[PDB]
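J.: Pasting in a structure now, in structure tokens, and then I'll have a few things to ask.
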Amino acid sequence: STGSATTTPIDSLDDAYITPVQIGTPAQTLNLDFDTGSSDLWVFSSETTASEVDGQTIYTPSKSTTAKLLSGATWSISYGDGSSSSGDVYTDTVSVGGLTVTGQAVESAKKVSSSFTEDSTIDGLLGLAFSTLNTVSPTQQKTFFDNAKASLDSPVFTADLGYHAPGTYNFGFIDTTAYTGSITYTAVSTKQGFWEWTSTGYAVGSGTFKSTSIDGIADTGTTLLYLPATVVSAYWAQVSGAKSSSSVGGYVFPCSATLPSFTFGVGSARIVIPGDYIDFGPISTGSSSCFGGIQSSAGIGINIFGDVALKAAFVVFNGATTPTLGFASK
Ligand SMILES: c1ccc2[nH]c([C@H]3CCNC3)nc2c1
């Protein structure tokens, strides 16, 4: 089997991407944030605290003839950005772009933090990291990909995120028309439950390539590119007037600037992030200070190849017995 679904930016800055997902019988379609950096499929629901729901579409398990309470199961998750959610668990039929999994753990939110409430466009998350990170207790549950894998034509999914445009998540096949040149594959460590890999280096604009190992994760659920402070300083030093602002919480730059590209290495291959991808607009409405799309990972504990990096590539998440990651230009 295969599946193919369109993923759409939630706003003009590509702050996140949403993908329609069918849950239950008859189908309830929710728009979920596909997140290769976490492993829980959770949704706004009929069980979510009423004051914490603001415009989201909710899952109502009582209206699904295939929903079953997973007795005694609870979940609770906190993401690196301060956000969190928690609740109980159903199993139900879940379909993405024509690919169907029966008995998928659908984690129903009883509580969500303010940042989730404030995103009216995101109805929940669909985790695509390794199932060892799943937070359901006392019986850990499998991701949608993990459940689908044996049935897929090939045990893979691909992320093709657009810049200011829709893109595609495919399951079970590689669309050879969706990228240019070849796909370069690189080793993955699953030791921390992430799609963790080692970039071979970077360049700023037309500058020389610096060969240096940068361990990080491929994370579709993180907006920006978070890299070591040395690398990030080298980037913003090429932008006149750019500086790190403790009050704003990262590097900012004059909105009148023209941003240089940023290149990262995948083996001997190179992925080029155009300068425009690194612009996240005025820090507040009407401001001439703009927020940068490359930021320091110093306070995080891990480097994160988020959407800013990933949307410059066609990315293969290869879930073979020994997982690997593939990157192609597009
Ligand atoms: C900013 C700070 C911390 C962050 N942690 C994350 C990801 C890492 C894996 N799941 C959450 N994005 C972040 C953005």
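Just so it is clear, chain A uses Swiss-Prot numbers, and the residues here are 90-419, in order.
Structure determined by X-ray crystallography, 1.3 Å.
Cβ from N, Cα, C; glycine included.
So Swiss-Prot has the following annotated:
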- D124: active site (ACT_SITE)
- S288: active site (ACT_SITE)
- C344-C379: disulfide bond (DISULFID)
- 106-417: domain 'Peptidase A1' (DOMAIN)
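Could you place these features in context, so I can see how deep they sit and what lies close by?
T.: Secondary structure from DSSP puts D124 (active site) in a beta strand.
DSSP assigns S288 (active site) to a strand segment in the three-state reduction. Less than 8 angstroms from the CB of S288 (active site) sit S302, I303, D304, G305, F353, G354, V355, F394, each of them six or more residues away in the same chain.
A simple way to gauge crowding: the CB of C379 (disulfide bond) has 22 other CB atoms within 10 angstroms, across all the protein chains here.
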J.: How long is the line from the C-alpha of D124 (active site) to the C-alpha of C379 (disulfide bond), rounded to the nearest angstrom?
T.: 26
